[PDB]
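Chemist: Next comes the structure file upload_15.txt, holding compact mmCIF, C-alpha atoms and all ligand atoms.
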# COMPACT_ATOMS: atom_id res chain seq x y z
CA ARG A 7 5.55 11.45 -47.23
CA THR A 8 2.82 10.64 -44.66
CA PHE A 9 4.59 7.34 -43.73
CA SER A 10 7.46 9.27 -42.09
CA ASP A 11 5.00 11.57 -40.27
CA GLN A 12 3.33 8.64 -38.46
CA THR A 13 6.64 6.91 -37.74
CA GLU A 14 8.02 10.10 -36.11
CA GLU A 15 4.87 10.78 -34.07
CA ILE A 16 5.02 7.11 -33.03
CA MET A 17 8.73 7.28 -32.16
CA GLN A 18 7.96 10.32 -30.00
CA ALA A 19 5.10 8.52 -28.24
CA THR A 20 7.56 5.67 -27.66
CA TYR A 21 10.11 7.96 -26.09
CA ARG A 22 7.38 9.40 -23.81
CA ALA A 23 5.98 6.01 -22.87
CA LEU A 24 9.42 4.51 -22.18
CA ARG A 25 10.24 7.58 -20.06
CA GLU A 26 7.16 6.86 -17.92
CA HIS A 27 6.91 3.07 -17.72
CA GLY A 28 10.40 1.74 -18.35
CA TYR A 29 11.13 -1.18 -20.64
CA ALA A 30 9.43 -4.03 -18.74
CA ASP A 31 6.04 -2.39 -18.46
CA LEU A 32 5.94 -0.88 -21.91
CA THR A 33 3.08 -2.06 -24.05
CA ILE A 34 1.95 -1.14 -27.55
CA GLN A 35 -1.18 -0.10 -25.69
CA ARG A 36 0.69 2.44 -23.58
CA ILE A 37 2.59 3.60 -26.63
CA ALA A 38 -0.78 3.97 -28.35
CA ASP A 39 -2.17 5.95 -25.40
CA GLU A 40 0.74 8.34 -25.78
CA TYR A 41 0.28 8.53 -29.56
CA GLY A 42 -3.38 9.49 -29.14
CA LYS A 43 -4.56 7.06 -31.78
CA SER A 44 -6.00 3.52 -31.73
CA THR A 45 -3.78 0.57 -30.81
CA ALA A 46 -4.13 -0.67 -34.41
CA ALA A 47 -2.74 2.61 -35.69
CA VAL A 48 0.59 1.50 -34.17
CA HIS A 49 0.19 -2.18 -35.23
CA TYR A 50 -0.13 -0.78 -38.74
CA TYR A 51 3.63 -0.09 -38.65
CA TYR A 52 4.93 -2.51 -36.02
CA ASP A 53 3.73 -5.99 -35.08
CA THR A 54 5.56 -6.26 -31.79
CA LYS A 55 6.84 -4.26 -28.87
CA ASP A 56 10.23 -5.66 -30.00
CA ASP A 57 9.93 -4.60 -33.64
CA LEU A 58 8.89 -1.18 -32.41
CA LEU A 59 11.84 -0.79 -30.07
CA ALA A 60 14.35 -1.95 -32.66
CA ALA A 61 13.01 0.96 -34.73
CA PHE A 62 13.24 3.21 -31.64
CA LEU A 63 16.90 2.35 -31.24
CA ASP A 64 17.44 3.19 -34.96
CA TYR A 65 15.63 6.42 -34.23
CA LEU A 66 17.90 7.38 -31.32
CA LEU A 67 20.97 6.67 -33.45
CA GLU A 68 19.70 9.01 -36.22
CA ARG A 69 19.00 11.74 -33.68
CA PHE A 70 22.58 11.26 -32.45
CA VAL A 71 23.99 11.15 -36.00
CA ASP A 72 22.13 14.40 -36.79
CA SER A 73 23.63 16.32 -33.87
CA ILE A 74 27.16 15.21 -34.86
CA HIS A 75 26.61 16.39 -38.46
CA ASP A 76 26.08 19.71 -36.65
CA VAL A 77 29.72 19.74 -35.60
CA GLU A 78 31.72 20.70 -38.70
CA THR A 79 34.90 21.51 -36.79
CA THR A 80 37.83 19.63 -38.30
CA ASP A 81 40.37 20.74 -35.64
CA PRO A 82 41.40 17.45 -34.02
CA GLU A 83 41.70 18.76 -30.44
CA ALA A 84 38.45 20.76 -30.62
CA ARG A 85 36.58 17.96 -32.34
CA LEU A 86 37.51 15.21 -29.94
CA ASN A 87 36.31 17.37 -27.10
CA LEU A 88 33.05 18.24 -28.82
CA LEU A 89 32.39 14.57 -29.49
CA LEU A 90 33.17 13.67 -25.91
CA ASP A 91 30.88 16.48 -24.78
CA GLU A 92 28.20 15.11 -27.05
CA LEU A 93 28.51 11.61 -25.58
CA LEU A 94 29.06 12.61 -21.93
CA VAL A 95 27.63 16.06 -21.14
CA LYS A 96 24.43 16.17 -23.27
CA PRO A 97 22.99 12.90 -21.75
CA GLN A 98 23.05 14.56 -18.30
CA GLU A 99 19.37 15.40 -19.27
CA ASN A 100 17.90 11.96 -20.32
CA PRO A 101 18.17 10.00 -17.05
CA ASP A 102 14.67 8.40 -17.33
CA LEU A 103 15.35 7.16 -20.82
CA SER A 104 18.59 5.86 -19.32
CA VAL A 105 16.94 3.24 -17.04
CA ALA A 106 15.01 1.91 -20.06
CA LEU A 107 18.15 1.66 -22.21
CA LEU A 108 20.13 -0.34 -19.60
CA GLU A 109 17.19 -2.74 -19.27
CA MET A 110 17.24 -3.14 -23.03
CA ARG A 111 21.05 -3.52 -23.10
CA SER A 112 20.86 -6.26 -20.49
CA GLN A 113 18.52 -8.03 -22.94
CA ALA A 114 20.84 -7.94 -25.97
CA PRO A 115 22.03 -11.53 -25.37
CA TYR A 116 18.43 -12.76 -25.79
CA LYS A 117 17.42 -10.59 -28.73
CA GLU A 118 19.39 -10.20 -31.95
CA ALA A 119 17.46 -7.13 -33.09
CA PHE A 120 18.62 -5.25 -29.98
CA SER A 121 22.14 -6.71 -30.06
CA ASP A 122 22.58 -5.80 -33.75
CA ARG A 123 21.30 -2.30 -32.91
CA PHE A 124 23.56 -1.59 -29.96
CA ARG A 125 26.60 -2.84 -31.89
CA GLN A 126 25.59 -0.48 -34.66
CA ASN A 127 25.54 2.47 -32.27
CA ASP A 128 28.84 1.39 -30.83
CA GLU A 129 30.45 1.09 -34.35
CA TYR A 130 29.26 4.55 -35.30
CA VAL A 131 30.80 6.10 -32.21
CA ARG A 132 33.96 4.08 -32.72
CA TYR A 133 34.18 5.29 -36.36
CA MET A 134 33.74 8.95 -35.43
CA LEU A 135 36.16 8.75 -32.49
CA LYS A 136 38.91 6.84 -34.29
CA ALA A 137 38.51 9.26 -37.23
CA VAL A 138 39.33 12.39 -35.26
CA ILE A 139 42.17 10.62 -33.47
CA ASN A 140 43.55 9.60 -36.82
CA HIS A 141 43.22 13.13 -38.21
CA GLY A 142 45.20 14.65 -35.33
CA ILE A 143 47.90 12.00 -35.66
CA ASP A 144 48.04 12.96 -39.32
CA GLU A 145 48.21 16.68 -38.43
CA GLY A 146 50.90 15.73 -35.89
CA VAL A 147 48.79 17.21 -33.05
CA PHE A 148 48.50 13.79 -31.38
CA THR A 149 51.23 11.25 -30.65
CA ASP A 150 51.31 8.35 -33.10
CA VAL A 151 49.56 5.71 -31.00
CA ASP A 152 47.35 2.61 -31.44
CA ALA A 153 44.18 4.40 -32.54
CA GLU A 154 41.96 1.34 -32.28
CA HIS A 155 42.96 0.86 -28.67
CA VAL A 156 42.75 4.46 -27.61
CA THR A 157 39.21 4.66 -29.01
CA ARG A 158 38.23 1.33 -27.47
CA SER A 159 39.45 2.84 -24.20
CA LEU A 160 37.21 5.89 -24.58
CA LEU A 161 34.38 3.50 -25.44
CA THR A 162 34.80 1.74 -22.14
CA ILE A 163 34.81 4.99 -20.16
CA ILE A 164 31.63 6.00 -22.02
CA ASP A 165 29.84 2.73 -21.27
CA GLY A 166 31.13 2.82 -17.70
CA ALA A 167 29.52 6.19 -17.09
CA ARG A 168 26.15 5.16 -18.55
CA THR A 169 25.90 2.08 -16.35
CA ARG A 170 27.00 3.77 -13.14
CA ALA A 171 24.77 6.77 -13.78
CA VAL A 172 21.71 4.54 -13.82
CA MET A 173 23.00 1.89 -11.36
CA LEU A 174 23.78 4.67 -8.86
CA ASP A 175 20.96 7.06 -9.84
CA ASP A 176 23.54 9.84 -10.22
CA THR A 177 24.19 11.89 -13.35
CA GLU A 178 27.40 13.09 -11.70
CA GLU A 179 28.86 9.79 -12.97
CA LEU A 180 28.93 11.13 -16.49
CA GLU A 181 30.48 14.38 -15.33
CA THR A 182 33.36 12.53 -13.62
CA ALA A 183 33.66 10.19 -16.64
CA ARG A 184 33.93 13.24 -18.88
CA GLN A 185 37.02 14.17 -16.83
CA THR A 186 38.34 10.61 -16.96
CA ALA A 187 37.93 10.76 -20.75
CA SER A 188 39.99 13.99 -20.96
CA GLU A 189 42.70 12.76 -18.60
CA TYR A 190 42.88 9.48 -20.46
CA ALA A 191 43.01 11.08 -23.88
CA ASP A 192 45.55 13.72 -22.94
CA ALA A 193 47.88 11.12 -21.45
CA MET A 194 47.76 9.05 -24.62
CA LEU A 195 47.64 11.70 -27.31
CA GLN A 196 49.35 14.86 -26.12
CA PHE B 9 21.59 -24.97 8.83
CA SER B 10 23.64 -22.60 6.60
CA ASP B 11 24.69 -25.76 4.77
CA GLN B 12 21.31 -25.98 2.99
CA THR B 13 21.23 -22.26 1.97
CA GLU B 14 24.53 -22.60 0.09
CA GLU B 15 23.09 -25.43 -2.03
CA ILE B 16 20.19 -23.17 -2.98
CA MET B 17 22.52 -20.29 -3.82
CA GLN B 18 24.34 -22.90 -5.94
CA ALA B 19 21.08 -24.12 -7.48
CA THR B 20 20.02 -20.63 -8.51
CA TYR B 21 23.54 -20.34 -9.92
CA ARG B 22 22.76 -23.26 -12.29
CA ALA B 23 19.23 -22.10 -13.16
CA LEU B 24 20.50 -18.57 -13.67
CA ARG B 25 23.20 -19.65 -16.12
CA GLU B 26 20.66 -21.83 -17.91
CA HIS B 27 17.31 -20.00 -18.07
CA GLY B 28 18.42 -16.43 -17.33
CA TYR B 29 17.12 -14.00 -14.69
CA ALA B 30 14.02 -12.84 -16.62
CA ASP B 31 12.93 -16.44 -17.13
CA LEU B 32 13.48 -17.50 -13.55
CA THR B 33 10.93 -18.75 -11.02
CA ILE B 34 10.93 -20.71 -7.77
CA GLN B 35 9.81 -23.89 -9.60
CA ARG B 36 12.90 -23.80 -11.85
CA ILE B 37 15.28 -23.31 -8.91
CA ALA B 38 13.46 -25.95 -6.88
CA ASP B 39 14.40 -28.18 -9.84
CA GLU B 40 18.18 -27.60 -9.84
CA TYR B 41 18.00 -28.11 -6.04
CA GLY B 42 16.13 -31.43 -6.14
CA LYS B 43 13.79 -30.56 -3.27
CA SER B 44 10.18 -29.29 -3.28
CA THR B 45 9.06 -25.70 -3.86
CA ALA B 46 8.16 -25.58 -0.13
CA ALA B 47 11.70 -26.59 0.84
CA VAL B 48 13.16 -23.48 -0.80
CA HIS B 49 10.29 -21.44 0.59
CA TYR B 50 11.48 -22.66 4.00
CA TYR B 51 14.50 -20.41 3.51
CA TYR B 52 13.07 -17.69 1.25
CA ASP B 53 9.52 -16.30 1.19
CA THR B 54 9.59 -14.06 -1.90
CA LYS B 55 11.61 -14.63 -5.06
CA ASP B 56 12.91 -11.16 -4.09
CA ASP B 57 14.01 -12.46 -0.71
CA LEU B 58 15.90 -15.15 -2.64
CA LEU B 59 17.45 -12.91 -5.31
CA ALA B 60 18.68 -10.32 -2.79
CA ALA B 61 20.35 -13.16 -0.92
CA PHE B 62 21.55 -14.50 -4.22
CA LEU B 63 23.17 -11.14 -5.06
CA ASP B 64 25.13 -10.64 -1.87
CA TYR B 65 26.27 -14.26 -2.24
CA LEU B 66 28.34 -13.41 -5.30
CA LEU B 67 29.57 -10.15 -3.87
CA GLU B 68 30.65 -12.33 -0.91
CA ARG B 69 32.68 -15.03 -2.71
CA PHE B 70 34.29 -12.01 -4.33
CA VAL B 71 35.48 -10.20 -1.14
CA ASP B 72 36.53 -13.66 0.07
CA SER B 73 38.87 -13.51 -2.99
CA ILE B 74 40.28 -10.01 -2.47
CA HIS B 75 40.95 -10.78 1.20
CA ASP B 76 43.58 -13.14 -0.27
CA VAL B 77 45.72 -10.33 -1.68
CA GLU B 78 47.86 -9.90 1.45
CA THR B 79 50.57 -7.61 0.00
CA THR B 80 51.02 -3.99 1.14
CA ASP B 81 53.35 -2.97 -1.72
CA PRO B 82 51.19 -0.28 -3.43
CA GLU B 83 52.23 -0.90 -7.10
CA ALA B 84 51.94 -4.67 -6.76
CA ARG B 85 48.75 -4.59 -4.69
CA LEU B 86 46.97 -2.20 -7.04
CA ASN B 87 47.84 -4.43 -10.02
CA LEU B 88 46.69 -7.55 -8.17
CA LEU B 89 43.38 -5.85 -7.27
CA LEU B 90 42.91 -4.70 -10.89
CA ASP B 91 43.68 -8.28 -12.01
CA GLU B 92 41.02 -9.68 -9.68
CA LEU B 93 38.50 -7.11 -10.90
CA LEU B 94 39.22 -7.55 -14.65
CA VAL B 95 41.36 -10.61 -15.45
CA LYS B 96 39.75 -13.35 -13.36
CA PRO B 97 36.11 -12.59 -14.42
CA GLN B 98 37.08 -13.47 -18.03
CA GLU B 99 37.25 -17.22 -17.22
CA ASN B 100 33.92 -16.95 -15.30
CA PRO B 101 31.74 -15.33 -17.97
CA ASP B 102 28.40 -17.21 -17.60
CA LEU B 103 27.02 -15.18 -14.71
CA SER B 104 28.01 -11.79 -16.22
CA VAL B 105 24.81 -11.73 -18.25
CA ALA B 106 22.47 -12.11 -15.31
CA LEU B 107 24.74 -9.81 -13.31
CA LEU B 108 23.82 -7.11 -15.89
CA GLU B 109 20.14 -8.01 -15.69
CA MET B 110 20.10 -7.50 -11.88
CA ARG B 111 21.84 -4.19 -12.36
CA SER B 112 19.12 -3.05 -14.76
CA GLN B 113 16.62 -3.88 -11.96
CA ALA B 114 18.44 -1.75 -9.36
CA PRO B 115 16.16 1.20 -10.26
CA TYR B 116 13.13 -1.00 -9.63
CA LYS B 117 14.16 -2.75 -6.41
CA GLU B 118 15.66 -0.87 -3.55
CA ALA B 119 17.05 -4.16 -2.21
CA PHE B 120 19.10 -4.44 -5.43
CA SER B 121 20.13 -0.82 -5.54
CA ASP B 122 21.13 -0.91 -1.83
CA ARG B 123 23.38 -3.92 -2.48
CA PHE B 124 25.19 -2.80 -5.66
CA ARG B 125 25.72 0.55 -3.96
CA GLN B 126 27.24 -1.01 -0.81
CA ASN B 127 29.33 -3.33 -2.97
CA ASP B 128 30.50 -0.34 -5.02
CA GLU B 129 31.36 1.42 -1.73
CA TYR B 130 33.59 -1.46 -0.77
CA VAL B 131 35.41 -1.79 -4.03
CA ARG B 132 36.02 1.98 -4.06
CA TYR B 133 37.30 1.78 -0.46
CA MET B 134 39.78 -0.99 -1.21
CA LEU B 135 41.05 0.63 -4.42
CA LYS B 136 41.36 4.03 -2.81
CA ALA B 137 43.20 2.50 0.18
CA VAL B 138 46.03 1.21 -2.02
CA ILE B 139 46.31 4.55 -3.76
CA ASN B 140 46.45 6.41 -0.50
CA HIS B 141 49.02 3.99 0.91
CA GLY B 142 51.14 4.46 -2.18
CA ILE B 143 50.97 8.22 -1.82
CA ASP B 144 52.13 8.03 1.86
CA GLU B 145 54.89 5.66 0.78
CA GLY B 146 55.87 8.25 -1.83
CA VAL B 147 55.43 5.80 -4.74
CA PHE B 148 52.40 7.44 -6.39
CA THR B 149 51.95 11.13 -7.04
CA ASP B 150 49.77 12.94 -4.49
CA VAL B 151 46.60 12.79 -6.48
CA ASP B 152 42.86 13.18 -6.15
CA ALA B 153 42.53 9.62 -4.89
CA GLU B 154 38.76 9.81 -4.86
CA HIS B 155 38.61 10.73 -8.55
CA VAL B 156 41.38 8.37 -9.65
CA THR B 157 39.55 5.62 -7.82
CA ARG B 158 36.17 6.25 -9.35
CA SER B 159 37.84 6.68 -12.72
CA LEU B 160 39.10 3.10 -12.34
CA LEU B 161 35.52 2.07 -11.46
CA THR B 162 34.15 3.70 -14.59
CA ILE B 163 36.64 1.67 -16.64
CA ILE B 164 35.78 -1.58 -14.71
CA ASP B 165 32.01 -1.07 -15.02
CA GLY B 166 32.17 -0.21 -18.74
CA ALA B 167 34.19 -3.42 -19.28
CA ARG B 168 31.56 -5.54 -17.54
CA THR B 169 28.79 -3.91 -19.60
CA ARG B 170 30.60 -4.03 -22.91
CA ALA B 171 31.66 -7.65 -22.45
CA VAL B 172 28.06 -8.84 -22.36
CA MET B 173 26.41 -6.24 -24.60
CA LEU B 174 28.87 -6.89 -27.43
CA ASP B 175 29.29 -10.53 -26.37
CA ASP B 176 33.07 -10.49 -26.12
CA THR B 177 35.13 -11.32 -23.01
CA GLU B 178 38.29 -9.81 -24.57
CA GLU B 179 36.46 -6.60 -23.77
CA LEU B 180 37.75 -7.15 -20.21
CA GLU B 181 41.33 -7.68 -21.53
CA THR B 182 41.47 -4.26 -23.23
CA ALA B 183 39.98 -2.61 -20.13
CA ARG B 184 42.73 -4.16 -18.00
CA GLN B 185 45.23 -2.38 -20.27
CA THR B 186 43.20 0.87 -20.20
CA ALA B 187 43.15 0.74 -16.42
CA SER B 188 46.91 0.34 -16.21
CA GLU B 189 47.37 3.02 -18.80
CA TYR B 190 45.17 5.40 -16.80
CA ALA B 191 46.40 4.60 -13.30
CA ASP B 192 50.00 4.98 -14.04
CA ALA B 193 49.40 8.15 -16.09
CA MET B 194 47.81 9.56 -12.95
CA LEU B 195 49.91 7.91 -10.22
CA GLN B 196 53.41 7.42 -11.71
CL CL C 1 24.57 8.08 -28.10
Have the structure of the file written as structure tokens, please.
Modeler:
Amino acid sequence: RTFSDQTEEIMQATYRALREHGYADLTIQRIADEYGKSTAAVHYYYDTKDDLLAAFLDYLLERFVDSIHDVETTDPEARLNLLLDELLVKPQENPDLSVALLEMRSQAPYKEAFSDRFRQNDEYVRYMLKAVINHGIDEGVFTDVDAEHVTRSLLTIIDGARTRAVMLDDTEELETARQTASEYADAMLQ
Amino acid sequence: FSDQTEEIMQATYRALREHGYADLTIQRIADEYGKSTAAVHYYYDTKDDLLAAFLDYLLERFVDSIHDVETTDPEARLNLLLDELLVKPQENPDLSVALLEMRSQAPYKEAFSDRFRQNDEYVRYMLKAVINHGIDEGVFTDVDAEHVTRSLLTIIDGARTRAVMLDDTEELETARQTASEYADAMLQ
């Protein structure tokens, strides 16, 4: 009841503190400064920067999961697009979080908690993308093709865009990748 | 002269693949090299001076490799460039991890950003050149060569990222297929 309230306020502080300082220079302390409470009011829930950010990843996935539950369209063509929009147009307003997330991704081979977490995100996207592709194949709207490989392909495009958008400090990279995603999909499916 | 620098580039190659970028200092490189901390300082003042050099050392053995593809046949050349970008790096996976770490630093060091950006320029130039040639030759559809090219770059970059993040070099294999699926959907 009041455990969720603190977690959420703390996740928000985290977001804000990551937006300002990036991954490397994040500290519980700076998190705490953004939370407005004592440093020990965060150590009450998390013992480490790393524990805290594993939670923060889980948090971003839930936020993402929520917004998808918002899309109830079952039309395969319309739903693919809406998912692609969700993954490629919406993030054209989180660029400062984006630097932090690439730093953290580059650290996945040294930290299981992050690696586990990023695979989790990836699986969720994979599941929801393969699912709409399968539905359309079933409705006969899409050509009967290797669904696992088509969705792996869209996964690569997605991850391409996120890296190049930060690596090149250009959110246009997602906008071009959005187009790549449509071209790719249309060539395979329709 | 430039003989000694190469051995340092090669030392930081060993210490990179061992200890990682994050856990990398002059002392550790000095160790793989066999000479004193001062002796590497003779060639590089900052660790940043060293890493920048380090960077454009890789992106230099690489162009050395592409400037081996001598063919002007557009279909063949484009596949051979895509091979070199996606098929060869599979057998050389060790450095990919630190490669990603440097990339994540690009927003913090202009020296890094500058270099990946120039490298990216060059890869885009060489990919787009084939595509253009193939259009003139009439063997690829007249296409937005700038977009098709950067589309191929999105695929290549996602592959590099995904292969370390999900710890799976076959991630480059499926991207090679994606790239061929895309290119010839656009071009042919
Ligand atoms: Cl997401």
Chemist: List all protein, DNA and RNA residues that have any atom at most 9 Å from ligand CL 1 (chain C), counting only C-alpha atoms and all ligand atoms, and write the list as a VMD selection string.
Modeler: chain A and resid 66 to 67 69 to 71 92 to 94 97 127 to 128 131
Chemist: Which one is closest to residue 175 (chain B): A:151, A:187, A:114, A:134? Count only C-alpha atoms.
Modeler: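 With only C-alpha atoms as the atom set, the closest residue is A:114.
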Chemist: Kindly provide, as an MDAnalysis selection string, the residues of chain A having any atom no farther than 8 Å from an atom of chain B, counting all atoms listed in the file.
Modeler: chainID A and resid 105 108:109 111:115 121 124:125 155 158:159 161:167 169:170 172:175 182:183 186 189:190 193
Chemist: Can you measure CA of residue 91 (chain B) to CA of residue 78 (chain B) for me? One decimal in Å is fine.
Modeler: 14.2 Å
Chemist: Can you pull out the residues contacting residue 81 (chain B)? Cut-off 9 Å, using only C-alpha atoms, and skip same-chain residues under 2 positions away; I want them as a list in words.
Modeler: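 The residues satisfying every condition are residues 79, 83, 84, 85, 86, 138, 141 and 142 of chain B.
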Chemist: Hey, which of B:88, B:22, B:27, B:13 ends up closest to residue 58 (chain B)? Count all atoms listed in the file.
Modeler: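 Checking each candidate against residue 58 (chain B), we get B:13 as the closest.
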Chemist: For a quick check of understanding, using all atoms listed in the file, which of A:63, A:46, A:153, A:88 has the smallest distance to residue 120 (chain A)?
Modeler: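 Among the listed residues, A:63 lies closest to residue 120 (chain A).
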Chemist: Which neighbours of region 38-55 of chain B fall inside 8 Å, counting only C-alpha atoms, when residues of the same chain fewer than 4 positions from it are skipped, and could you give them as a short mmCIF file (atom, residue, chain, number, x, y, z; two decimals) with C-alpha atoms, in the coordinates of the input?
Modeler:
data_model
loop_
_atom_site.label_atom_id
_atom_site.label_comp_id
_atom_site.auth_asym_id
_atom_site.auth_seq_id
_atom_site.Cartn_x
_atom_site.Cartn_y
_atom_site.Cartn_z
CA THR B 13 21.23 -22.26 1.97
CA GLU B 15 23.09 -25.43 -2.03
CA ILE B 16 20.19 -23.17 -2.98
CA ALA B 19 21.08 -24.12 -7.48
CA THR B 20 20.02 -20.63 -8.51
CA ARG B 22 22.76 -23.26 -12.29
CA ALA B 23 19.23 -22.10 -13.16
CA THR B 33 10.93 -18.75 -11.02
CA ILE B 34 10.93 -20.71 -7.77
CA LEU B 59 17.45 -12.91 -5.31
#
